[PDB]
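J.: One structure, as structure tokens, below. Some questions next.
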Amino acid sequence: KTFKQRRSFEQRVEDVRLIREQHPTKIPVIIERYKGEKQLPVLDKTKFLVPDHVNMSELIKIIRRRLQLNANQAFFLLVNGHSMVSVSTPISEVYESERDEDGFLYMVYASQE
Amino acid sequence: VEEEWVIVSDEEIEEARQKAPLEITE
């Protein structure tokens, strides 16, 4: 069961609101493993508060380092589980166009496109 | 009560900004 599956919409709307009261600048990002992934390590945490000046490239490096991937290992971060957005895009721009109706930004990571 | 939310730190952002490959917007 994913975060969307185990937390009601109404509760998630409230979560976003609680987060923004404490962190008016940060982008709330849900980062989950693709359900068919068997190769990448499992990230220990799923909920990330990301400064609004970070770009996708920087976020990708941050997650790869947290997974302690070697430079040779493959890693993709799919926004909304499908959209491949340019790695140069600032996260605030990703948030503005790809955020969910509940106000969270959803990503899935895997070894494939 | 335990923290739910990882605050991505300035240290890890700066480590990622100091690694190639560097992406340039505009």
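Chain lettering (A, B, ...) mirrors the order of the structure tokens, residue numbering begins at 1 for each chain separately, and ligand numbering begins at 1 in order of display.
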For the interface of chain B with segment 11-33 of chain A (cut-off 12 Å, counting only C-alpha atoms), please tabulate each contacting residue of chain B alongside its nearest pair of atoms and their separation in Å to one decimal, rows sorted by chain and increasing number, as JSON lines.
T.:
{"residue": "B:3", "atom": "CA", "partner": "A:19", "partner_atom": "CA", "distance": 12.0}
{"residue": "B:4", "atom": "CA", "partner": "A:19", "partner_atom": "CA", "distance": 10.6}
{"residue": "B:5", "atom": "CA", "partner": "A:28", "partner_atom": "CA", "distance": 8.6}
{"residue": "B:6", "atom": "CA", "partner": "A:28", "partner_atom": "CA", "distance": 9.6}
{"residue": "B:7", "atom": "CA", "partner": "A:26", "partner_atom": "CA", "distance": 8.8}
{"residue": "B:8", "atom": "CA", "partner": "A:26", "partner_atom": "CA", "distance": 9.5}
{"residue": "B:9", "atom": "CA", "partner": "A:26", "partner_atom": "CA", "distance": 11.4}
J.: DSSP on the backbone, then: every residue of chain A marked helix (DSSP H, G or I), written as an mmCIF file with N, CA, C and O atoms, in the first residue's frame.
T.:
data_model
loop_
_atom_site.group_PDB
_atom_site.id
_atom_site.type_symbol
_atom_site.label_atom_id
_atom_site.label_comp_id
_atom_site.auth_asym_id
_atom_site.auth_seq_id
_atom_site.Cartn_x
_atom_site.Cartn_y
_atom_site.Cartn_z
ATOM 1 N N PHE A 3 1.636 5.558 -0.047
ATOM 2 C CA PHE A 3 1.179 6.662 0.796
ATOM 3 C C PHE A 3 -0.235 7.105 0.418
ATOM 4 O O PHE A 3 -1.078 7.318 1.293
ATOM 5 N N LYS A 4 -0.512 7.243 -0.883
ATOM 6 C CA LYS A 4 -1.857 7.604 -1.332
ATOM 7 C C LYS A 4 -2.869 6.547 -0.955
ATOM 8 O O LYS A 4 -4.045 6.859 -0.749
ATOM 9 N N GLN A 5 -2.436 5.300 -0.853
ATOM 10 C CA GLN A 5 -3.371 4.227 -0.565
ATOM 11 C C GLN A 5 -3.687 4.102 0.920
ATOM 12 O O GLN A 5 -4.782 3.647 1.265
ATOM 13 N N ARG A 6 -2.803 4.552 1.808
ATOM 14 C CA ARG A 6 -2.995 4.328 3.234
ATOM 15 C C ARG A 6 -3.368 5.593 4.000
ATOM 16 O O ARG A 6 -3.561 5.534 5.225
ATOM 17 N N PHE A 9 -7.477 11.282 1.244
ATOM 18 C CA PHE A 9 -7.279 12.573 0.587
ATOM 19 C C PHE A 9 -7.412 13.716 1.574
ATOM 20 O O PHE A 9 -6.610 14.656 1.585
ATOM 21 N N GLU A 10 -8.470 13.681 2.361
ATOM 22 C CA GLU A 10 -8.702 14.735 3.332
ATOM 23 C C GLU A 10 -7.542 14.841 4.313
ATOM 24 O O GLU A 10 -7.093 15.946 4.638
ATOM 25 N N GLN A 11 -7.039 13.703 4.800
ATOM 26 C CA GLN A 11 -5.876 13.733 5.681
ATOM 27 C C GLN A 11 -4.639 14.276 4.970
ATOM 28 O O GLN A 11 -3.816 14.971 5.582
ATOM 29 N N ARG A 12 -4.476 13.962 3.683
ATOM 30 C CA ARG A 12 -3.269 14.415 3.006
ATOM 31 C C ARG A 12 -3.321 15.926 2.788
ATOM 32 O O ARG A 12 -2.305 16.620 2.941
ATOM 33 N N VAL A 13 -4.500 16.447 2.444
ATOM 34 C CA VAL A 13 -4.688 17.893 2.356
ATOM 35 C C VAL A 13 -4.299 18.554 3.675
ATOM 36 O O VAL A 13 -3.574 19.563 3.697
ATOM 37 N N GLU A 14 -4.711 17.951 4.795
ATOM 38 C CA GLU A 14 -4.369 18.491 6.105
ATOM 39 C C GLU A 14 -2.863 18.450 6.351
ATOM 40 O O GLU A 14 -2.282 19.443 6.810
ATOM 41 N N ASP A 15 -2.215 17.321 6.003
ATOM 42 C CA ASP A 15 -0.758 17.180 6.107
ATOM 43 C C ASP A 15 -0.030 18.314 5.395
ATOM 44 O O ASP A 15 0.873 18.939 5.966
ATOM 45 N N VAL A 16 -0.389 18.563 4.127
ATOM 46 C CA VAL A 16 0.247 19.639 3.364
ATOM 47 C C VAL A 16 0.094 20.953 4.111
ATOM 48 O O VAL A 16 1.040 21.740 4.236
ATOM 49 N N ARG A 17 -1.106 21.193 4.638
ATOM 50 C CA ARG A 17 -1.372 22.423 5.365
ATOM 51 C C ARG A 17 -0.509 22.512 6.623
ATOM 52 O O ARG A 17 0.039 23.569 6.923
ATOM 53 N N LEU A 18 -0.376 21.412 7.369
ATOM 54 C CA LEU A 18 0.479 21.409 8.555
ATOM 55 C C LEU A 18 1.932 21.684 8.193
ATOM 56 O O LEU A 18 2.627 22.457 8.882
ATOM 57 N N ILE A 19 2.411 21.053 7.120
ATOM 58 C CA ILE A 19 3.795 21.238 6.707
ATOM 59 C C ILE A 19 4.059 22.691 6.342
ATOM 60 O O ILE A 19 5.081 23.263 6.735
ATOM 61 N N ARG A 20 3.129 23.318 5.609
ATOM 62 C CA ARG A 20 3.321 24.686 5.129
ATOM 63 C C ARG A 20 3.282 25.699 6.270
ATOM 64 O O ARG A 20 3.922 26.752 6.184
ATOM 65 N N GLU A 21 2.541 25.404 7.344
ATOM 66 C CA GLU A 21 2.567 26.275 8.513
ATOM 67 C C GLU A 21 3.963 26.307 9.128
ATOM 68 O O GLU A 21 4.400 27.348 9.634
ATOM 69 N N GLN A 22 4.658 25.161 9.162
ATOM 70 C CA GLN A 22 6.027 25.150 9.674
ATOM 71 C C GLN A 22 7.079 25.517 8.619
ATOM 72 O O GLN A 22 8.063 26.180 8.942
ATOM 73 N N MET A 56 15.862 19.178 -10.363
ATOM 74 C CA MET A 56 15.708 17.726 -10.423
ATOM 75 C C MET A 56 17.055 17.020 -10.420
ATOM 76 O O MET A 56 17.239 16.019 -9.707
ATOM 77 N N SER A 57 18.013 17.532 -11.199
ATOM 78 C CA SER A 57 19.359 16.967 -11.205
ATOM 79 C C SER A 57 19.918 16.882 -9.790
ATOM 80 O O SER A 57 20.390 15.824 -9.359
ATOM 81 N N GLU A 58 19.844 17.986 -9.039
ATOM 82 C CA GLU A 58 20.357 17.978 -7.671
ATOM 83 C C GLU A 58 19.592 16.979 -6.793
ATOM 84 O O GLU A 58 20.204 16.199 -6.061
ATOM 85 N N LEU A 59 18.263 16.922 -6.917
ATOM 86 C CA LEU A 59 17.490 15.957 -6.131
ATOM 87 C C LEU A 59 17.886 14.520 -6.468
ATOM 88 O O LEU A 59 17.945 13.654 -5.583
ATOM 89 N N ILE A 60 18.151 14.249 -7.745
ATOM 90 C CA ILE A 60 18.570 12.919 -8.181
ATOM 91 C C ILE A 60 19.879 12.532 -7.508
ATOM 92 O O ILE A 60 20.027 11.415 -6.985
ATOM 93 N N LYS A 61 20.847 13.461 -7.493
ATOM 94 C CA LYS A 61 22.120 13.183 -6.837
ATOM 95 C C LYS A 61 21.934 12.969 -5.345
ATOM 96 O O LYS A 61 22.614 12.130 -4.738
ATOM 97 N N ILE A 62 21.029 13.731 -4.735
ATOM 98 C CA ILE A 62 20.808 13.615 -3.295
ATOM 99 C C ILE A 62 20.276 12.228 -2.945
ATOM 100 O O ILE A 62 20.708 11.619 -1.961
ATOM 101 N N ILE A 63 19.305 11.730 -3.722
ATOM 102 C CA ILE A 63 18.722 10.413 -3.472
ATOM 103 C C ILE A 63 19.731 9.307 -3.778
ATOM 104 O O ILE A 63 19.801 8.300 -3.058
ATOM 105 N N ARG A 64 20.496 9.451 -4.871
ATOM 106 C CA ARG A 64 21.498 8.438 -5.190
ATOM 107 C C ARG A 64 22.515 8.314 -4.066
ATOM 108 O O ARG A 64 22.925 7.199 -3.711
ATOM 109 N N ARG A 65 22.940 9.451 -3.504
ATOM 110 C CA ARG A 65 23.876 9.420 -2.389
ATOM 111 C C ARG A 65 23.240 8.771 -1.167
ATOM 112 O O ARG A 65 23.886 7.987 -0.467
ATOM 113 N N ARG A 66 21.968 9.054 -0.911
ATOM 114 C CA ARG A 66 21.297 8.406 0.208
ATOM 115 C C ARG A 66 21.188 6.903 -0.009
ATOM 116 O O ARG A 66 21.298 6.125 0.943
ATOM 117 N N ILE A 91 12.735 22.413 -8.926
ATOM 118 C CA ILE A 91 11.674 21.678 -8.245
ATOM 119 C C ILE A 91 10.427 22.531 -8.070
ATOM 120 O O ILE A 91 9.314 22.007 -8.083
ATOM 121 N N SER A 92 10.579 23.842 -7.871
ATOM 122 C CA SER A 92 9.405 24.699 -7.760
ATOM 123 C C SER A 92 8.573 24.650 -9.035
ATOM 124 O O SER A 92 7.341 24.737 -8.978
ATOM 125 N N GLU A 93 9.232 24.541 -10.199
ATOM 126 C CA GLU A 93 8.515 24.431 -11.464
ATOM 127 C C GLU A 93 7.869 23.055 -11.577
ATOM 128 O O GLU A 93 6.740 22.937 -12.060
ATOM 129 N N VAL A 94 8.594 21.995 -11.205
ATOM 130 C CA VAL A 94 7.961 20.677 -11.149
ATOM 131 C C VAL A 94 6.738 20.721 -10.232
ATOM 132 O O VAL A 94 5.650 20.248 -10.586
ATOM 133 N N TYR A 95 6.899 21.284 -9.035
ATOM 134 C CA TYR A 95 5.768 21.381 -8.118
ATOM 135 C C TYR A 95 4.597 22.103 -8.766
ATOM 136 O O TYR A 95 3.454 21.645 -8.690
ATOM 137 N N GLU A 96 4.864 23.231 -9.427
ATOM 138 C CA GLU A 96 3.767 24.058 -9.925
ATOM 139 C C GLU A 96 2.955 23.328 -10.979
ATOM 140 O O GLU A 96 1.728 23.455 -11.026
ATOM 141 N N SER A 97 3.609 22.520 -11.802
ATOM 142 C CA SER A 97 2.913 21.880 -12.901
ATOM 143 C C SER A 97 2.555 20.425 -12.633
ATOM 144 O O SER A 97 1.685 19.895 -13.316
ATOM 145 N N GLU A 98 3.187 19.765 -11.672
ATOM 146 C CA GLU A 98 3.008 18.326 -11.531
ATOM 147 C C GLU A 98 2.509 17.905 -10.159
ATOM 148 O O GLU A 98 2.268 16.711 -9.955
#
J.: Can you list, as a PyMOL selection string, every protein, DNA or RNA residue that comes within 9 Å of residue 69 of chain A when you count only C-alpha atoms, leaving out same-chain residues fewer than 6 positions away?
T.: chain A and resi 40-41+63+75
J.: Please write the residues from the selection above to a file, keeping C-alpha atoms, as a PDB file, in the first residue's frame.
T.:
ATOM      1  CA  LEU A  40      18.068  -0.717  -6.225  1.00  0.00           C
ATOM      2  CA  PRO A  41      18.289  -0.671  -2.423  1.00  0.00           C
ATOM      3  CA  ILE A  63      18.722  10.413  -3.472  1.00  0.00           C
ATOM      4  CA  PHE A  75      18.636   5.305 -11.165  1.00  0.00           C
TER       5      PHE A  75
END
J.: Let me make sure I understand: among A:73, A:112, A:68, A:46, which one has the smallest atom-to-atom distance to chain B if we use only C-alpha atoms?
T.: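 Smallest distance to chain B is found for A:46.
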J.: Please identify every residue of chain A that has at least one atom no farther than 6 Å from an atom of chain B, counting only C-alpha atoms, and for each give the shortest atom pair and the distance in Å to one decimal, arranged by chain then increasing number, as a tab-separated table.
T.:
residue	atom	partner	partner_atom	distance
A:47	CA	B:5	CA	5.1
A:48	CA	B:6	CA	4.6
A:49	CA	B:7	CA	4.8
A:50	CA	B:8	CA	5.6
A:58	CA	B:16	CA	5.7
A:61	CA	B:16	CA	5.7
A:88	CA	B:25	CA	5.4
J.: Would you save the residues of that selection, restricted to C-alpha atoms, as a PDB file, in the first residue's frame?
T.:
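Saved the output as again17.pdb:
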ATOM      1  CA  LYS A  47       8.740  11.869   2.903  1.00  0.00           C
ATOM      2  CA  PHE A  48      11.168  14.636   1.945  1.00  0.00           C
ATOM      3  CA  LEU A  49      11.003  18.405   2.480  1.00  0.00           C
ATOM      4  CA  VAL A  50      13.017  19.927  -0.390  1.00  0.00           C
ATOM      5  CA  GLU A  58      20.357  17.978  -7.671  1.00  0.00           C
ATOM      6  CA  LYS A  61      22.120  13.183  -6.837  1.00  0.00           C
ATOM      7  CA  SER A  88      17.475  20.896 -15.317  1.00  0.00           C
TER       8      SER A  88
END
J.: Got a sec to tell me which of chain A DSSP assigns to strand (DSSP E or B), as a PyMOL selection string?
T.: chain A and resi 27-33+47-50+55+76-79+83+90+105-110
J.: Taking N, CA, C and O atoms for each residue, export the selection above as an mmCIF file, in the first residue's frame.
T.:
data_model
loop_
_atom_site.group_PDB
_atom_site.id
_atom_site.type_symbol
_atom_site.label_atom_id
_atom_site.label_comp_id
_atom_site.auth_asym_id
_atom_site.auth_seq_id
_atom_site.Cartn_x
_atom_site.Cartn_y
_atom_site.Cartn_z
ATOM 1 N N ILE A 27 9.225 22.273 -0.461
ATOM 2 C CA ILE A 27 8.323 21.501 -1.311
ATOM 3 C C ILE A 27 8.160 20.131 -0.656
ATOM 4 O O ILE A 27 9.177 19.447 -0.433
ATOM 5 N N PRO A 28 6.936 19.682 -0.365
ATOM 6 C CA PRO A 28 6.753 18.348 0.234
ATOM 7 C C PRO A 28 6.718 17.282 -0.857
ATOM 8 O O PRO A 28 5.838 17.300 -1.713
ATOM 9 N N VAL A 29 7.647 16.328 -0.813
ATOM 10 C CA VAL A 29 7.786 15.353 -1.893
ATOM 11 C C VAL A 29 7.652 13.954 -1.309
ATOM 12 O O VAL A 29 8.342 13.611 -0.342
ATOM 13 N N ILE A 30 6.797 13.138 -1.924
ATOM 14 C CA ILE A 30 6.668 11.714 -1.601
ATOM 15 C C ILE A 30 7.522 10.940 -2.602
ATOM 16 O O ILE A 30 7.307 11.049 -3.818
ATOM 17 N N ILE A 31 8.486 10.158 -2.113
ATOM 18 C CA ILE A 31 9.424 9.427 -2.975
ATOM 19 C C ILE A 31 9.328 7.954 -2.637
ATOM 20 O O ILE A 31 9.762 7.534 -1.556
ATOM 21 N N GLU A 32 8.805 7.162 -3.566
ATOM 22 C CA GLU A 32 8.523 5.755 -3.310
ATOM 23 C C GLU A 32 9.190 4.874 -4.355
ATOM 24 O O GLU A 32 9.428 5.290 -5.490
ATOM 25 N N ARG A 33 9.495 3.650 -3.952
ATOM 26 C CA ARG A 33 10.102 2.680 -4.850
ATOM 27 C C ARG A 33 9.073 2.109 -5.806
ATOM 28 O O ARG A 33 7.957 1.768 -5.403
ATOM 29 N N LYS A 47 9.290 10.524 2.848
ATOM 30 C CA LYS A 47 8.740 11.869 2.903
ATOM 31 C C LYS A 47 9.887 12.862 3.024
ATOM 32 O O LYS A 47 10.595 12.871 4.029
ATOM 33 N N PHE A 48 10.036 13.729 2.028
ATOM 34 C CA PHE A 48 11.168 14.636 1.945
ATOM 35 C C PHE A 48 10.671 16.074 1.822
ATOM 36 O O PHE A 48 9.837 16.374 0.962
ATOM 37 N N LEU A 49 11.236 16.970 2.617
ATOM 38 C CA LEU A 49 11.003 18.405 2.480
ATOM 39 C C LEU A 49 12.195 18.998 1.724
ATOM 40 O O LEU A 49 13.327 18.907 2.197
ATOM 41 N N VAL A 50 11.957 19.548 0.544
ATOM 42 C CA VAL A 50 13.017 19.927 -0.390
ATOM 43 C C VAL A 50 12.974 21.419 -0.591
ATOM 44 O O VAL A 50 11.922 21.962 -0.950
ATOM 45 N N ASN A 55 17.081 21.752 -8.055
ATOM 46 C CA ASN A 55 16.536 21.272 -9.325
ATOM 47 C C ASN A 55 16.513 19.743 -9.341
ATOM 48 O O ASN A 55 17.030 19.082 -8.443
ATOM 49 N N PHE A 76 16.485 6.107 -11.965
ATOM 50 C CA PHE A 76 15.535 7.069 -12.502
ATOM 51 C C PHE A 76 14.539 7.489 -11.426
ATOM 52 O O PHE A 76 14.122 6.686 -10.580
ATOM 53 N N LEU A 77 14.131 8.753 -11.498
ATOM 54 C CA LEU A 77 13.154 9.346 -10.591
ATOM 55 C C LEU A 77 12.003 9.870 -11.448
ATOM 56 O O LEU A 77 12.133 10.914 -12.095
ATOM 57 N N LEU A 78 10.874 9.154 -11.453
ATOM 58 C CA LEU A 78 9.748 9.468 -12.323
ATOM 59 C C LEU A 78 8.710 10.282 -11.557
ATOM 60 O O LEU A 78 8.137 9.804 -10.571
ATOM 61 N N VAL A 79 8.445 11.488 -12.036
ATOM 62 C CA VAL A 79 7.490 12.378 -11.392
ATOM 63 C C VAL A 79 6.103 11.896 -11.748
ATOM 64 O O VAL A 79 5.773 11.755 -12.931
ATOM 65 N N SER A 83 5.825 10.714 -15.682
ATOM 66 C CA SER A 83 6.397 11.855 -16.382
ATOM 67 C C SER A 83 7.900 11.923 -16.179
ATOM 68 O O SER A 83 8.392 11.943 -15.045
ATOM 69 N N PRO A 90 13.771 23.366 -12.209
ATOM 70 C CA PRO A 90 13.751 23.613 -10.764
ATOM 71 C C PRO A 90 12.554 22.895 -10.153
ATOM 72 O O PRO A 90 11.472 22.832 -10.741
ATOM 73 N N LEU A 105 3.842 16.424 -4.013
ATOM 74 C CA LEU A 105 4.505 16.088 -5.269
ATOM 75 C C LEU A 105 4.980 14.642 -5.172
ATOM 76 O O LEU A 105 5.711 14.291 -4.236
ATOM 77 N N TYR A 106 4.516 13.797 -6.093
ATOM 78 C CA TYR A 106 4.752 12.355 -6.034
ATOM 79 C C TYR A 106 5.831 11.943 -7.037
ATOM 80 O O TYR A 106 5.772 12.325 -8.212
ATOM 81 N N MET A 107 6.787 11.130 -6.574
ATOM 82 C CA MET A 107 7.813 10.553 -7.427
ATOM 83 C C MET A 107 7.998 9.084 -7.080
ATOM 84 O O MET A 107 7.782 8.654 -5.940
ATOM 85 N N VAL A 108 8.418 8.325 -8.089
ATOM 86 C CA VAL A 108 8.736 6.911 -7.971
ATOM 87 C C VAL A 108 10.141 6.688 -8.529
ATOM 88 O O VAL A 108 10.467 7.197 -9.607
ATOM 89 N N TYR A 109 10.965 5.900 -7.833
ATOM 90 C CA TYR A 109 12.312 5.653 -8.330
ATOM 91 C C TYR A 109 12.462 4.189 -8.742
ATOM 92 O O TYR A 109 11.772 3.303 -8.230
ATOM 93 N N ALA A 110 13.366 3.944 -9.686
ATOM 94 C CA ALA A 110 13.585 2.612 -10.244
ATOM 95 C C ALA A 110 14.870 2.633 -11.055
ATOM 96 O O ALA A 110 15.559 3.657 -11.142
#
